[PDB]
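Please read the structure below before turning to the comments.
What follows is calculated from the coordinates using simple rules that are stated; it is not laboratory data. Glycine gets a Cβ as well: all are built from the backbone with ideal geometry, and neighbour counts include every protein chain shown.
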Amino acid sequence: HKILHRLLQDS
Amino acid sequence: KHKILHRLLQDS
Amino acid sequence: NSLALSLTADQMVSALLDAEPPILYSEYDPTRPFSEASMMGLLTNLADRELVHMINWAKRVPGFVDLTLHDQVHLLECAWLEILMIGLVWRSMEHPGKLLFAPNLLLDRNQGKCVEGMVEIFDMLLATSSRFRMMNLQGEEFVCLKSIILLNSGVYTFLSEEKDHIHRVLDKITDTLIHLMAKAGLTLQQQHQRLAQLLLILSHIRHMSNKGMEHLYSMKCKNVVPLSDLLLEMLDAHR
Amino acid sequence: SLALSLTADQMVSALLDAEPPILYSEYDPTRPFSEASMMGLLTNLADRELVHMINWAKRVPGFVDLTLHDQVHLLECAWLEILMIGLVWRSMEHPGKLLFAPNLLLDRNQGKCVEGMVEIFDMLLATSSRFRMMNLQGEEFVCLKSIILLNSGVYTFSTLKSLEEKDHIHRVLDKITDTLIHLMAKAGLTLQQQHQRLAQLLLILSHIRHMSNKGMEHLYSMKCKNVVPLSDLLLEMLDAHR
Ligand SMILES: Oc1ccc(-c2ccsc2-c2ccc(O)cc2F)c(F)c1
Ligand SMILES: Oc1ccc(-c2ccsc2-c2ccc(O)cc2F)c(F)c1
């Protein structure tokens, strides 16, 4: 949901 | 400047 | 030269223990349902009376007397709420889930709801108290941590030899902390690990003070709870 | 878990190898800077640094073992602290100046271009001055930066499984403490000097938290004052503290 959330899980 | 803390430290 | 640097570790512990301020009481009115104005009044009245004893305790901290008046003022202006909070956290250790503001004023997080934005500060204080509980924080360690806050919190804000003395005293308190841990049977590795764990909690105590200072500033221009001139001057130094 | 099986030297190598790059600013020296342009330069720079910081945190030993929600929480509370200790560190060799970027080197007089930014500038300069007096080493800096990431949000989190998550973080934190002590002994310090320098380094994190708290409040006053537009990621980080 959050931008930080996406970038953290982004692979 | 005037500070209550000035008086408390001097009268400790 | 400063006499505090000549003290041994044992002599440093006993000086700090002997300087401990007393535990004060709150108003004995047992009207149980607290309003926002009534609860903040009790805490403000209590905090203002504790401030007076904090000043006597500061003058008894080894090395504090060797500073100029303005440096003492700066250090206490910067650290007074931190010092109040770590004292509150300490005496709340044996009361899990509660905050012992006074022996006759024991509150839980539900009672923090009576004031807006107070439950967040309670939860942080309760969390620090539980952390002190899980580490089995000893009174001799507590008095070292509190003195460290006093000398450390304002020493990076001496703007335009004196700071060299404060850091020399801070090193003494460190030596005293390690000495306490070696005396308690901790290994070399356990000593520096525990030293680190204790000092990292001070970063959180600083965080709590900053949130608490904003809460007191907003109560000032709410004008609901009158604030003593001493608190107004301690509050004013953070702006 | 691999974090607990790393030696001291392996911990230092992994931290050094994960260091994020030093980013440049879009600073135009011909252009005159108003308040809105400096804060635009700083906001632009900070937003690009946040991307590198996120990918830096994934390479911190133990951080990947945390749940995704725990990773979010730690970065949300520590992000400005990490930006600030990084800024302070790369400014060590420039007394009286803050090196935001290699091409953006500011003094407190230019800090007056933004209201209330002066106080935060002085605190950052004082911290950079403290690092210089202490002769802080690169190996110690990366340790402190990882300590901030793991420590700043640990108190702010319940179950038997979530306790093992805080327990793991404290195990990693202790590993970094062992690493710092390993560094100081390797430099020739005695046991008394090792514990003294460890305390001196960790007490600076108290002041860095104070700067972050103040800087966070100033960013909030900016978002309302509405003059300098914040990036979408920086607004999400800003909302995490309120
Ligand atoms: O001895 C203490 C008295 C009050 C507190 C406290 C805690 C949250 S706000 C708060 C507080 C501080 C000063 C004040 O004037 C009013 C308050 F509610 C404390 F931490 C220790
Ligand atoms: O890499 C960095 C970039 C900016 C800063 C900084 C310092 C004071 S405010 C401030 C800042 C942070 C985020 C932002 O969006 C605007 C700012 F001015 C820093 F500490 C590190």
Which net charge results when you count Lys and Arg as +1 and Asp and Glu as -1 among the other residues whose beta-carbon is under 9 Å from that of D:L180?
-> -2
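Would you calculate a helix-derived [θ] at 222 nm for chain D, using -39,500 (n - 2.57) for each DSSP H run of n ≥ 4 and dividing by the full residue count, to the nearest 500? Walk me through the numbers on the way to the answer.
Working: 9 runs with 163 residues, N = 242.
Estimated from H runs of four or more residues: -23000 deg cm²/dmol.
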Each label point is 7 Å from the Cα along the Cα-to-Cβ direction; what then is the distance between the points at C:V52 and D:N135, in nm?
-> 5.1 nm
At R0 = 45 Å the Cβ-Cβ FRET efficiency linking D:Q10 and C:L106, nearest 0.05, sits at 0.40
How large is the dipole of the stretch C:83-154 about the Cα centre if only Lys and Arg carry +1 and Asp and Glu carry -1, each at its Cβ, rounded to the nearest 20 debye?
-> 60 debye
Of D:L104, D:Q200, D:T159, whose Cα points farthest to the positive end of the dipole of chain D (charges on the beta-carbon: +1 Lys, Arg; -1 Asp, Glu; origin at the Cα centre)?
-> D:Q200
Sorting C:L145, C:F132, C:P62 by the position of each Cα along the dipole of the stretch C:20-160 (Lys, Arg +1; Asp, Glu -1; all at Cβ), the one nearest the positive end of that ordering is C:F132
The protein assembly as shown - charge dipole about Cα centre, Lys and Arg +1 at Cβ, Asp and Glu -1, debye rounded to 20 = 80 debye
Quick calc, chain C, dipole around Cα centre from Cβ unit charges on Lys, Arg (+) and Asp, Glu (-), nearest 20 debye, gives 600 debye
In the protein assembly as shown, if every C-alpha pair distance is counted and binned at 20 Å from zero, what percent goes to each bin?
-> 22, 58, 20, 0
